[PDB]
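Asker: Let me begin by handing over the structure; questions about it come next.
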Amino acid sequence: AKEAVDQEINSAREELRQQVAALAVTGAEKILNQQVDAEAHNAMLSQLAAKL
Amino acid sequence: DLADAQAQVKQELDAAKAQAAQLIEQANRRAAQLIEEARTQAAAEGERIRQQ
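Protein sequence lines, in the order shown, are assigned to chains p and b. Using the authors' numbering, you'd call the opening residue of the first sequence number 105 and step up by one each time. Using the authors' numbering, you'd call the opening residue of the second sequence number 53 and step up by one each time.
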């Protein structure tokens with residue numbers, strides 16, 4: 105019985121993180137969408153070429 | 053001759069007494085697992101206490 109209780113506690117403890125991360129990524133998606141920096145486009149392609 | 057035959061009856065009576073012994077052995081041995089099952093349920097009762 106006690107082990108079952110512990111497992112349920114752990115299940116909730118991990119589960120919450122999933123919706124938290126989903127909210128975080130949705131916010132990140134919104135921020136990137138509002139980001140309209142083709143300057144960053146140029147910078148990052150140059151960065152890769154340097155890594156290339 | 054008759055008295056000699058008569059002693060033999062006593063042995064049969066003793067055998068019957070021994071036979072009863074098995075009756076009591078079984079009957080009270082049953083009670084052990086009776087208790088076992090009943091307070092096994094009591095363990096289940098601690099369990100749904102834990103579930104509450």
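Cβ atoms here follow ideal geometry from the backbone N, Cα and C, with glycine treated the same way.
Taking the C-alpha atoms as reference points, what is the distance between p:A142 and p:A126?
Answerer: For this step, residue 142 of chain p is matched to residue 38 along the first sequence. For this step, residue 126 of chain p is matched to residue 22 along the first sequence. When rounded, the distance between both Cα atoms is 27 Å.
Asker: Check distances from the C-beta atoms of the segment 131 to 143 of chain p to those of chain b and list, in chain order, the residues that come in under 8 Å.
Answerer: Answer set for the segment 131 to 143 of chain p: empty.
Asker: Could you tell me whether the Cβ atoms of b:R102 and p:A105 are closer together than 8 Å?
Answerer: Stepping through the second sequence from its first residue, residue 102 of chain b is reached at position 50. Stepping through the first sequence from its first residue, residue 105 of chain p is reached at position 1. Yes, the Cβ-Cβ distance between b:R102 and p:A105 is below 8 Å.
Asker: Could you list the residues in the segment 88 to 104 of chain b with a C-beta less than 8 Å from some C-beta on chain p, going in chain order?
Answerer: Under the 8 Å Cβ criterion, the segment 88 to 104 of chain b contributes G98, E99, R102 and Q103.
Asker: Excluding the 5 residues flanking p:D110 on each side, which residues of the same chain have their C-beta closer than 6 Å to its C-beta?
Answerer: Working through the first sequence from its first residue, we reach residue 110 of chain p at position 6. Closer than 6 Å at the Cβ level, and outside the excluded window around p:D110, lies no residue.
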